[PDB]
Amino acid sequence: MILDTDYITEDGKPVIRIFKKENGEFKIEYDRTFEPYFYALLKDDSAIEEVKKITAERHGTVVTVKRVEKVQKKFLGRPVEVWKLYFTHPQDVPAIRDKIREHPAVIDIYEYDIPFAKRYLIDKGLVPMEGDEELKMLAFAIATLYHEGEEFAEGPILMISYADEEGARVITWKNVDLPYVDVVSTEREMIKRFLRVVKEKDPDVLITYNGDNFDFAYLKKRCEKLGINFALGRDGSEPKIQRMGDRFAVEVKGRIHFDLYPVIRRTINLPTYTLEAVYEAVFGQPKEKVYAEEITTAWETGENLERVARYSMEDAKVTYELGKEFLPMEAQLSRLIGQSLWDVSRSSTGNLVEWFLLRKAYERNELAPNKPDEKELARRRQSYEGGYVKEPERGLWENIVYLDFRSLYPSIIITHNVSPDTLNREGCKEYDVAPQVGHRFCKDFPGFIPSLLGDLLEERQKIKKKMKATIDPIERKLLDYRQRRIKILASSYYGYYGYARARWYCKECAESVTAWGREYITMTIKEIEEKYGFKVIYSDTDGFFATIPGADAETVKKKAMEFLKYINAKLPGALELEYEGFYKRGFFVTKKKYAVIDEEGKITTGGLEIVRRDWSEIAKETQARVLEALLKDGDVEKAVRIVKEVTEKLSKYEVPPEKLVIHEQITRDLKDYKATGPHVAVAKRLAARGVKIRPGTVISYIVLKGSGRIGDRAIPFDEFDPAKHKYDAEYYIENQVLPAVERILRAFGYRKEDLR
DNA sequence: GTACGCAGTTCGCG
DNA sequence: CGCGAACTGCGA
């Protein structure tokens, strides 16, 4: 099983290292034969003699083109002639590529920003994370001494906890009477013992929760301050801190540093992403938080260090448990994308699609388009029309079916062969024509993306079959993870077409896909109303709710089935409308806001405050209980009484302040805000106290009693002192609970004033 | 990764 | 000094 690749330099030459786990043994394979390269498109072949002479400078050393070769390739499916330019070292390419591109005989250059070790995995056809190999994992976490207004890692690490299958332990340099605590004499001795623990356990994976931006950078700054060779790598190297975007990332050679934080952010939508919140959300068990101030107090007074050590131990333990849950998933993603787990677990959706496409392009001798430069990026900022949203027939409805298309956009892409290499391609004998926008797509050969998308959907169907028949539960689970990742990838192509930084960006493809989608959904709506007497209540992009006014439940279900058989004989190719469910009652608030209940009593909602992080729990729980009284009990009067009891508890300050927390993430640098709201005002006061605030930080605040701007009265919740602070009961009644429920109950004649 | 949509905060204008 | 526009977050 391949775990990772990198390269080192030997006498000026790159040597690829393939880190492997085969039959339980860590192994490094070395490859000295791989040459870095990129491509140049020339105005005339004779010009290669001049291009060959171009030089540049690296670390004082002259950079030259090593060797050149004319190759034939395809660009968007058309033959093209380019020159492959070879170099001695991969660091030669960034040094020289601009001077070559700028040459007057060079039209353009291609595949010039592909990192050498990832180039290697593609060109050799190697796939990471294949095989039945069991990886050894170890989570760890640190606890530190913090003083307000200090510089990063000015204070010592107090505890290092670690956990694996055999349990969890805490190393610390004060005496703590717990059986899982190992006591050492100093911070230095604690770090050194932790190093020895890692070396002795020799894990394949190190699991952290936010180790990329806290724990490893803290350990490095302490190791520097203390003069410790932080030799975590299997080659004896120290952890490598890399800048990645607005943030950092930490790699450990010969291991995989698995930081759960970016994995969870792009996998689960949660109100906050504290370790405690993620743990409870995933396993349903509570984890108590101990705050820095309590840690510092406990360390400085020596009082109650057992609480701190238990917190530290639980940190490592739940980090291990979350690692066990999420690593096999990401490992299947790594295998599907064909790049290392380290890279893939940290990569955005668009980047994941692009690396998969780069590999498929290589396999098909297709030269890759470049990422856009600044000019082209500005060219690509125009938008296009999206999905169809019908204005709902607002109110309460009965006996509702929901019908939707199976993977509408992937089905359109495959059926109509929507791809940049088929778009308006001349000389074909069959075309499909996008409605409204008019773009033509040739059908004479599978387009690059349709062909890949069809293979993905097919393989996903084969995997589900093998799952049902396999007796190995491990294989079945890993197959499950793979088929789920394939589905996600399949559903990512449409958005990637519209992604202005995409190599294979194609606005014409994107808007053809949404144009066909609008046509298919509005055609279906028109047919079910005109030929089957349904009334469509609401529709958004790829499905609709409908009923037959005055018909009983079984008539609506039967007639819906008859309509499906009718309509699906009219839909071409992969398009398929399906019966998604039957709902006894549904309430439609506005576009994108509804709630329905099935015949078993389960309520599902779209777009309602109940799922939003920026609405307080008191409002969300009140909305949930109202929806229960209406859809499940038909008891409007009960729902009204519920809102009144809630507002009465807020008025008497009887609601627990925990239910009053609002969460809103910071989306940009604090400097770039044109307007300041509550969460921005709270972020700025925190940052004014030294607190790191980056895009993606979730501000969790509560609104206190007073007047003026809400922003002026908002404090972070973990500063809420129930004696020094009184929350704004009128705000939570008037701006949170009542708005969330008024838009529902007004359909029955009530206004806000009747709900207090 | 995309477009479409609601709606709460804040501010400024007339 | 009510009303709307800008800004903002997050919801197929």
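Atoms considered below: every heavy atom in the structure, side chains included; atoms not considered: hydrogens, waters and symmetry mates. Chain letters run A, B, ... following the sequence lines, proteins first, then strands; residues in each count from 1.
- Among the nucleotides B:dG8, B:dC11, C:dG11, the one closest to any side-chain atom of A:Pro739 is B:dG8.
- Minimum atom distance to the side chain of A:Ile710 is reached by B:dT10, of the listed B:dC6, B:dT10, B:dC4.
- Checking the phosphate oxygens (OP1, OP2) of C:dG9, a side-chain nitrogen or oxygen of A:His679 falls inside 4.0 Å.
- Only at 4.0 angstrom or more do the heavy atoms of residues 511-522 of chain A sit from any atom of DNA chain C, so none qualifies.
- A cation-pi arrangement, defined by a distance under 6.0 Å to the six-membered ring centre and an angle within 45 degrees of its axis, is present between A:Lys726 and A:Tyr653.
- Residue A:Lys592 places none of its side-chain N or O atoms closer than 4.0 Å to OP1 or OP2 of B:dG5.
- For A:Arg743, the side-chain atoms get nearest to B:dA7 when compared with the rest of C:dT8, B:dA7, B:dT2.
- A donor and an acceptor atom sit less than 3.5 Å apart, one in the side chain of A:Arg612 and one in the base of C:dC10.
- Which of C:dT8, B:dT10, C:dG11 sits closest to the side chain of A:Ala675 comes down to C:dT8.
- The stretch residues 481-496 of chain A touches DNA chain B through A:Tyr494, A:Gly495, each having a heavy atom under 4.0 angstrom from the strand.
- Distances shorter than 4.0 Å separate some side-chain N or O of A:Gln665 from OP1 or OP2 on C:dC10.
- A:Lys659 places a side-chain heavy atom less than 4.5 Å from the side chain of A:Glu621.
- Regarding contacts with the backbone of B:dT10, every side-chain N or O of A:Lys674 stays at 4.0 angstrom or more from both OP1 and OP2.
- At the phosphate of B:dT9, OP1 or OP2 sits under 4.0 Å from a side-chain N or O atom of A:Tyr731.
- Along DNA chain B, the nucleotide nearest A:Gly711 and the nucleotide nearest A:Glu609 are compared for position; the residue whose nucleotide lies closer to the 5' end is A:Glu609.
- Under 3.5 Å, the side chains of A:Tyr384 and A:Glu508 contain no donor-acceptor pair of N or O atoms.
- Between A:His416 and A:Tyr520, the ring planes are parallel. Angles under 30° get that label, and only those over 60° would be called perpendicular.
- Of the residues in residues 267-277 of chain A, not one places a heavy atom less than 4.0 Å from an atom of DNA chain B.
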